[PDB]
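Novice: My questions all concern the structure below.
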Amino acid sequence: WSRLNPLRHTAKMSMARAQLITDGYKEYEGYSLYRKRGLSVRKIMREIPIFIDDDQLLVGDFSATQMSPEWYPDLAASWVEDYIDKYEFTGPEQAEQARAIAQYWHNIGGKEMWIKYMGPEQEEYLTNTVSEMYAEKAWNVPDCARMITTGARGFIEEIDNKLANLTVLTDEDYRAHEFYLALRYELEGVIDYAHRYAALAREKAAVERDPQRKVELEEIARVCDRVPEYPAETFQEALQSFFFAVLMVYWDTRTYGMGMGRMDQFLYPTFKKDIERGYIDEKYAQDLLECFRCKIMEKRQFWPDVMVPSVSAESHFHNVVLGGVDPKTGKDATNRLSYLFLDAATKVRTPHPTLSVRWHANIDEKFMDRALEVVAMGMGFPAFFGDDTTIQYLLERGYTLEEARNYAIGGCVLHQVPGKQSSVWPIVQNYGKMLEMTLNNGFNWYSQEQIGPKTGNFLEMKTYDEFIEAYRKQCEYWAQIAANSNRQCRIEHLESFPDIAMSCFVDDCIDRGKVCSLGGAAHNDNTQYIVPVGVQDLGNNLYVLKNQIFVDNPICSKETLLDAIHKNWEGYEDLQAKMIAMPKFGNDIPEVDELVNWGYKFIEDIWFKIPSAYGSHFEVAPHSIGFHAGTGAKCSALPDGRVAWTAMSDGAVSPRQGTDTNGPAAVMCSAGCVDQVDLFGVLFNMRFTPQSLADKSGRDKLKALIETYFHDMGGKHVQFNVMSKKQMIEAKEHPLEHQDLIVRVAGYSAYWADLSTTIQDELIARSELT
Ligand SMILES: O=C(O)Cc1ccc(O)cc1
Numbered sequence: 017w018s019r020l021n022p023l024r025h026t027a028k029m030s031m032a033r034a035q036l037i038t039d040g041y042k043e044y045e046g047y048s049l050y051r052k053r054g055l056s057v058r059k060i061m062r063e064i065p066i067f068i069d070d071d072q073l074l075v076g077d078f079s080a081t082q083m084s085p086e087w088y089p090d091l092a093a094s095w096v097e098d099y100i101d102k112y113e114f115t116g117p118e119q120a121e122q123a124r125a126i127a128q129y130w131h132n133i134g135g136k137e138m139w140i141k142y143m144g145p146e147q148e149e160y161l162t163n164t165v166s167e168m169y170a171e172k173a174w175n176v177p178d179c180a181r182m183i184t185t186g187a188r189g190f191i192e193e194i195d196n197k198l199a200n201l202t203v204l205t206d207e208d209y210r211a212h213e214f215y216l217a218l219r220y221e222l223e224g225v226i227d228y229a230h231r232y233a234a235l236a237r238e239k240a241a242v243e244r245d246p247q248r249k250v251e252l253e254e255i256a257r258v259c260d261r262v263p264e265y266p267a268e269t270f271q272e273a274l275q276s277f278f279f280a281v282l283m284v285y286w287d288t289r290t291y292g293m294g295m296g297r298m299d300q301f302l303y304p305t306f307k308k309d310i311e312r313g314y315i316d317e318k319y320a321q322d323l324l325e326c327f328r329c330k331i332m333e334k335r336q337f338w339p340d341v342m343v344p345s346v347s348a349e350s351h352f353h354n355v356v357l358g359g360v361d362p363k364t365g366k367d368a369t370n371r372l373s374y375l376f377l378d379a380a381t382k383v384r385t386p387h388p389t390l391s392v393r394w395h396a397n398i399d400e401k402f403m404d405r406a407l408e409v410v411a412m413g414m415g416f417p418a419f420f421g422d423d424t425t426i427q428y429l430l431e432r433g434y435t436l437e438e439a440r441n442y443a444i445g446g447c448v449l450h451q452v453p454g455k456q457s458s459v460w461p462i463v464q465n466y467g468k469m470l471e472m473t474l475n476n477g478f479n480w481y482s483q484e485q486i487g488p489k490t491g492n493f494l495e496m497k498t499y500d501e502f503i504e505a506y507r508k509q510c511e512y513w514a515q516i517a518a519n520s521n522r523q524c525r526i527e528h529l530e531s532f533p534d535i536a537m538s539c540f541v542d543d544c545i546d547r548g549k550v551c552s553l554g555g556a557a558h559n560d561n562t563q564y565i566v567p568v569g570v571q572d573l574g575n576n577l578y579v580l581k582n583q584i585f586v587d588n589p590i591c592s593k594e595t596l597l598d599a600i601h602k603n604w605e606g607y608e609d610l611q612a613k614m615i616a617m618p619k620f621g622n623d624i625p626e627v628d629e630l631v632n633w634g635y636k637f638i639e640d641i642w643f644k645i646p647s648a649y650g651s652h653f654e655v656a657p658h659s660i661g662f663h664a665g666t667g668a669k670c671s672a673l674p675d676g677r678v679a680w681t682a683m684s685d686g687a688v689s690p691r692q693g694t695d696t697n698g699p700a701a702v703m704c705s706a707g708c709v710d711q712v713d714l715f716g717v718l719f720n721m722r723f724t725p726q727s728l729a730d731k732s733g734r735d736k737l738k739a740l741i742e743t744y745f746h747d748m749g750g751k752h753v754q755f756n757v758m759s760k761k762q763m764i765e766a767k768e769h770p771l772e773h774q775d776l777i778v779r780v781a782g783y784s785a786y787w788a789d790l791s792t793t794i795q796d797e798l799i800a801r802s803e804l805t
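Shown next as structure tokens:
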């Protein structure tokens, strides 16, 4: 009854893109890839199954059967093998169809073409090589709502004004002449897509008996008759217009961490249009935002199980930034449309649309108090981002102050302006696992193979300054060997799986006539980066290296140490308790909280002088998504009392696990001692108990503590979740029951049933605060 009604995961495998792209490549054979793609995608949207759900007033969906996740063979296809039905993956009996597409799309798929290119193929855990040929790229926020007040028609004109009055093909990239035609070809695709619903919604009208539900869709057909093609005019046809731009991208590439930030900023002129004109009510607007959280869900993920350890089983980042600052004037933009957004998170309790708030000095204290109740209930949501510091990072990249003020976020914590960055290609490297390799000697304990460089013998280091060069020499190897892989993989993805439709919403892409992935990016700045996930464990161990190994303590010699972790404290269980009691990050120890700052300052030195993509340099994104588990489980033992095969850390500057013997103010004062201005978004989450946040103390102690954390300490991002540790243990022993539990992990909340085991038991260990 609570306004909205989401439903169940009674889903099966769907072949409405794979089979529809397969015969698109065959019917449009010979046309260049830029055109053979664009011609096939409009074939999809104009021909794919369509339906309108019940009591919903949004039409376009992310699949051809309710919640059945589509499959894209353009990116990969040879991962569907022998089981016929068996593990969250299921089909009816059509396995002979997947093997038919896999037979066709063999050696012509993204990874399928990619894995030949190399030659030898080094399977890895120190870098996500498996997640770079298999995972779809997005993690941006294009201007599909900042550049959709023009409409698809206004786009096709600029393309037509381009192919005619500026072409003169003097090899002005035949690739560019074909990109232009392609971009039109699926711009009419998003027209046919919404003109199919108009004919179907109008058909769903006469046979309808409820006259209010009849007029509900009779206006939707009138919306979709003008929403995608021409510029929108009303709040009901501005949302549907923006959404169809999110789908046209999804039909060309399963847009991963695509952000849709600032819906409280660009749906306002129509919001302020219909309301003050009595055309739409606040509850009606709260209906669409409710119907927006539901319809966005169907985009489930469908990747091989070999990555579920590192990417969970349903890690979706559909973030939207509510609140903020008016760019042209500097005042606050926190408005009622932001109030209805987190009002929607009440009546519908979906965990994917992140719904993030952006704090700033003169923000609206009322709609920030009301934001603290949204995380006071279930779900660890409105991930408060602090501006002021993030602005300095964007302004020092090159963006103008208006572009910087107007920033949103893409994916987890990546903050960036809308239509400028271009489909990021990330790199994971557990800089605690590097410590394992150099404390060894490039041996990769879990693998027991001399796969690294013999930088130096630990039993012959002599001094700490000698170690940190043997740690630099080892880290730099996995730099020019990891970047060098997905650098020329973004370039290689020009023979397969480029993002043509997404270029409709990247600046200068239309002008230079080149896609955002390869070339026509307006800013090749924050477009490639690294995620160190567990660098707290670097500082905690570096402290043990700096303090209490070299100089004093020869009993805990370099020999007694390496063997203790070799056997994982077995026979040394007395020692680990002392190291686990040594000063650890998360409290308020400058002697231990400053080494994690120098830690990032050690990573920011090597990678920032490494060129990237088409220009600029690699960034450093300390965030995480689930890569602490799949990497830590293969990262064997650490000096700071760690056990062998356990996770790294909970991302960026979050305290390790049970290391905060001090209150919440310390856990942020520590995390504040990080010069996080040049850090591409920090993932900082911590757990409170519901007795603290569900009272005035939540909107009094926290606010005074989170505002102080960002203004005095220069933080960037803070995200909370309230849930008892027993409630998670009670979910571990009853996982058949709590299959719809909202648990935060790392910049998102996902159902506990699709969460990995190593992530569950790790979430038990996170401390409780008051
Ligand atoms: O988000 C990540 O860090 C992993 C990733 C790698 C490649 C890709 O295409 C998508 C995601």
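According to full-length UniProt numbering, the residues represented by the sequence shown are 17 to 102, 112 to 149, 160 to 805, in order.
The C-beta atom is built at its ideal place from N, Cα and C for all residues, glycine as well.
#1: Quick check: is any heavy atom of ligand 1 less than 6 Å from the C-beta of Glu-167?
#2: Give the single residue among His-663, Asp-789, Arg-522 whose Cα lies nearest to the Cα of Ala-682.
#3: So, is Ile-486 buried or exposed, given that buried needs 16 or more other C-beta atoms within 10 angstroms?
#4: Looking at the strands, I want to know which residues DSSP matches up with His-450.
#5: Where does the unbroken alpha helix (DSSP H) through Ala-766 begin, and where does it stop?
#6: Reducing DSSP to helix, strand and coil, say where residue 104 ends up.
#7: Around the C-beta of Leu-580, are 16 or more other C-beta atoms found within 10 angstroms, so that it is buried, or is it exposed?
#8: Please confirm whether any heavy atom of ligand 1 lies closer than 6 Å to the CB of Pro-461.
#9: Taking the DSSP output, what are the residues bridged to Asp-609?
#10: For the 8 Å Cβ check, are there 3 or more pairs between the segment 251–259 and the segment 136–148?
#11: Just tell me which of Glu-268, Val-541, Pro-117, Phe-277 has its CA closest to the CA of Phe-306.
#12: What do you get for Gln-563, buried or exposed, if any count of 16 or more other CB atoms within 10 angstroms of its CB means buried?
#13: Within 8 Å, do at least three Cβ pairs link the segment 86–93 to the segment 492–511?
#14: Which runs of the alpha helix (DSSP H), 4 residues or longer, sit entirely within the segment 710–753?
#15: Taking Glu-797 as the reference, which of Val-678, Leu-23, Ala-700 has the closest Cα?
#16: If we count the other Cβ atoms within 10 Å of its Cβ and call it buried at 16 or more, is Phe-327 buried or exposed?
#17: Are the CB atoms of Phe-755 and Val-410 nearer to each other than 7 Å?
#18: With distance defined between alpha-carbon atoms, name the residue in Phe-745, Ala-368, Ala-229, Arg-722 nearest to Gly-707.
#19: Just to confirm, does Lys-172 get its C-beta within under 6 Å of one of the non-hydrogen atoms of ligand 1?
#20: When the Cα atoms are used, what is the spatial distance from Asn-720 to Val-757?
#21: If we ignore side chains and look at the alpha-carbon of each, how far apart do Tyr-47 and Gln-128 end up?
#22: Go ahead and label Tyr-142 buried or exposed: buried means 16 or more other beta carbons lie within 10 angstroms of its beta carbon, across all protein chains shown.
#23: Can you give the Cα-Cα distance for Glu-148 and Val-242, rounded to whole angstroms?
#24: Find out if the Cβ-Cβ distance for the pair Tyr-303, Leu-372 is shorter than 7 Å.
#25: Using 10 angstroms around the beta-carbon of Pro-388, count the other beta-carbons present and answer buried if the total reaches 16, otherwise exposed.
#26: If you draw a straight line from the C-alpha of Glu-471 to the C-alpha of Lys-508, how long is it?
#27: Since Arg-393 is in the beta strand (DSSP E), which residue starts that stretch and which ends it?
#28: For the alpha helix (DSSP H) containing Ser-784, list its first residue and its last residue.
#29: Which class does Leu-357 belong to by DSSP, given the choice of helix, strand or coil?
#30: Going by Cα to Cα distance, which pick from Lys-334, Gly-693, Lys-28 is closest to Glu-118?
#31: To the nearest whole angstrom, what separates the beta carbons of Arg-51 and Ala-217, a pair I think is in contact under 8 Å?
#32: Are there three or more Cβ pairs, one per stretch, closer than 8 Å when the segment 551–560 is compared with the segment 181–201?
#33: Report all residues from its chain with a CB closer than 6 Å to the CB of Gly-665; omit the five preceding and five following residues, and keep chain order.
#34: Just grab the DSSP bridge partners of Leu-804 for me.
#35: Mapping the DSSP letters down to three states, classify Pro-344 as helix, strand or coil.
#36: Measuring CB to CB, does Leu-573 end up less than 7 Å from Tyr-466?
Specialist: Once the coordinates are examined:
#1: yes
#2: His-663
#3: exposed
#4: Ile-444
#5: 760–767
#6: Since the chain is numbered 102 and then 112, with no step between, residue 104 has no place in the structure shown.
#7: buried
#8: yes
#9: For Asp-609, which the question treats as bridged, DSSP gives no partner whatsoever.
#10: Pairwise C-beta distances place the segment 251–259 out of contact with the segment 136–148, as fewer than three of them are shorter than 8 Å.
#11: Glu-268
#12: buried
#13: no
#14: 725–728, 738–744
#15: Closest option to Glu-797, Cα to Cα, is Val-678.
#16: So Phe-327 ends up on the buried side.
#17: Yes, they are a contact pair.
#18: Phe-745
#19: yes
#20: 11 Å
#21: 22 Å
#22: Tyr-142 is exposed by the Cβ-count criterion.
#23: 58 Å
#24: yes
#25: Flag for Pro-388 reads buried.
#26: Cα-Cα distance, rounded: 14 Å.
#27: If you look at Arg-393, you'll find it in the beta strand (DSSP E) that goes 391–394.
#28: Here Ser-784 belongs to no alpha helix (DSSP H); instead the beta strand (DSSP E) covers 784–786.
#29: strand
#30: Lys-28
#31: 5 Å
#32: no
#33: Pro-344, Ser-345
#34: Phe-723
#35: helix
#36: yes
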